[PDB]
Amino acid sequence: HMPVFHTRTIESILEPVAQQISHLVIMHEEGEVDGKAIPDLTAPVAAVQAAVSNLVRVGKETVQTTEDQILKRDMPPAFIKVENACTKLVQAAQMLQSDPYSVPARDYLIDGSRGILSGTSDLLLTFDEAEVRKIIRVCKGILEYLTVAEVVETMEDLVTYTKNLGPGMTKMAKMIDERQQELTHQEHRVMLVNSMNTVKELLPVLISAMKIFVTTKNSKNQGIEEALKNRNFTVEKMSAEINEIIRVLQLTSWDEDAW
């Protein structure tokens, strides 16, 4: 029933509130505590309404500013969730201001607080899925560009190829590095990291195979097909490493049912 926090960022933001809810429940099992009046919660609830309203606007701005259709589809249901839970909190504060000892008002308080927790988790998760999709798009870009190696036959096209690829790789590596730090499972971290390391080591090897090929074509020594094949093998081993990374990232997410 209680939501699962998948990344370290999400855990840091939500875990403490989840703990606070449990503390309140446990506190209420003690005889000295249950029976006591819940103080006036009008103002503290007004603060929550204000923060919910801010979160919904920021989310709506995030929905109207993105190309991510999956995001545009998933966020709204989460807005409905937190708003509904917020409504319960507002109701409970009303009930508790006339009857500070209501047991059903206290239940509304806990249910509203739990609902906000899970609605916020869902929202943070959706936003996290989308960030991961951005990383996957970059990897997929690099994967596509790796096949451009097949149309490179001149030394000039090679220099262009190298100019364009190097920075794409550097950017992929940074994103993977950032991502590995969000993960809660070491299994995935080392997979991602070792794969990225292998692709980085293969780059100069690919660029060298492409050069040998161009040179051979020019100089004409007859060994052109060996050169092509070797270049293709390199592209092939790099492409498999990247596909592995894409797959681990997809495994590291897709998490919620939504989309």
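Quick note: we count residues from 1 along the sequence shown, nothing fancier.
Coordinates for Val205 are present in every one of the other compared entries of this protein that model residues on both sides of it, well short of the third needed to count it as often missing. In the record comparison, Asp68 is modelled in each of the other entries of this protein that model the residues flanking it, with no third of them omitting it. Annotation for 133-141 versus 98-106: the higher mean temperature factor (C-alpha) is found in 98-106. A summary of the deposited B-factors shows that, of 219-227 and 50-58, the stretch with the larger mean C-alpha value is 219-227. Going by the entry's values, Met27 shows the largest Cα B-factor out of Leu203, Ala209, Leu41, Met27.
Among all modelled residues in its chain, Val45 ranks in the lowest third by Cα B-factor.
Per the deposited record, the Cα B-factor of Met175 falls in the lowest third when ranked against the other modelled residues of its chain. In this PDB entry, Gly166 carries a Cα temperature factor that places it within the middle third of its chain's modelled residues.
When the modelled residues of the chain are ordered by their C-alpha B factor, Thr120 lands in the lowest third.
The entry lists a Cα temperature factor for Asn232 that places it in the lowest third of the chain's modelled residues.
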